[PDB]
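Accompanying notes for the structure given below.
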Amino acid sequence: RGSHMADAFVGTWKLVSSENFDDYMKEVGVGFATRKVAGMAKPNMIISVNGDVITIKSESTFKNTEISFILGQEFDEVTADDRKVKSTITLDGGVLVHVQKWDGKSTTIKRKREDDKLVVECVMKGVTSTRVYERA
Ligand SMILES: O=C(O)c1ccccc1Nc1ccccc1
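Take the sequence shown: its letters are residues -4 to 131, numbered as in the authors' numbering.
Shown next as structure tokens:
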């Protein structure tokens, strides 16, 4: 197999900045103690592609998570804050768009390459958090 469109995301990334993430978690419904501990985390993100399967791992002092998925195909995900959600991830003009649905709620996580950074935009009902990763 040759190059994949998600290949621009492949690599090991480290969180270098975060804005409004506490407010975002509040809007998602995250409880106090989880918000405080999760907000301290400086996770590493490891993204790989094998054929049609994309894997995104997050390693931190808070939790280690891993999702593997095929674009456009819904899957089960247990989030770092231990929500049990139904997730679909697609590629839209070079942006990975991740929708999570649970308990009649929805949130959208967009991951995009900007310069040498991986920028993560987390949106819930008007609240947006921007998390910036650099190569590790
Ligand atoms: O950093 C992200 O892209 C991110 C986006 C949405 C939810 C969680 C996220 N990461 C994370 C948060 C706390 C502990 C460990 C990892």
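Cβ atoms here follow ideal geometry from the backbone N, Cα and C, with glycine treated the same way.
ask   = Quick one: is the Cβ of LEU91 within less than 7 Å of any heavy atom of ligand 1?
value = False, no ligand heavy atom lies under 7 Å from that Cβ.
key: Top-ranked residue by Cα proximity to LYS112, from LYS120, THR125 and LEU86   = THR125
task = Look at the alpha carbon of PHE70 and the alpha carbon of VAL92, and state the distance between them as a whole number of angstroms.
result = Straight-line spacing of the CA atoms in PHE70 and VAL92 works out to 14 Å.
request  = Tell me whether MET20 is buried or exposed, calling it buried when 16 or more other Cβ atoms sit within 10 Å of its Cβ.
outcome  = buried
Closest by C-alpha distance to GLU129, when choosing among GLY46, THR7 and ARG(-4) = Comparing Cα positions, the closest option is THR7.
task = Give the DSSP-derived three-state secondary structure of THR125 in the structure shown.
result = strand
ask   = What are the start and end residues of the alpha helix (DSSP H) that includes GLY34?
value = 27 to 35
ask   = Going by alpha carbons, who is nearest to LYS105 out of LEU10, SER(-2) and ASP87?
value = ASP87
request  = Kindly indicate which three-state DSSP category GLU22 falls into: helix, strand or coil?
outcome  = Reduced to three states, the DSSP call for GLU22 is helix.
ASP2 (DSSP reduced to helix, strand or coil) = helix
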